[PDB]
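The form deposited in one PDB entry is given below as one chain in structure tokens.
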């Protein structure tokens, strides 16, 4: 199963990481960040406008997400 972390926040962004099972992790690009279309094909389900902003290389199964706070 796919696990969704609680939200945490900055002064500018709100954040949330998502842990995929390790057999799906071989399907996550080791070279570029992902479009909202791309990460939905892996079965990640959440609201619009979350952006895949970085890769921690030791844990390719962990998708890190970020969305700007409104002003």
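Shifts are known only where both forms have a C-alpha. Under this definition, the rigid core comprises the largest set of C-alpha atoms superposing within 1.5 Å between the forms. Residue numbers count along the first chain shown, from 1.
- Relative to its counterpart among 21 to 29 and 56 to 64, 21 to 29 has the higher mean temperature factor, C-alpha atoms as listed in the PDB entry.
Although it is not shown, the form deposited in another entry is what the next lines describe.
- Once both forms are fitted on their rigid core, the CA atom of residue 61 lies 2 Å or more apart between this form and the one not shown.
- The rigid-core fit between this form and the one not shown yields exactly one 3+ residue run with every Cα displaced by 2 Å or more: 59 to 71.
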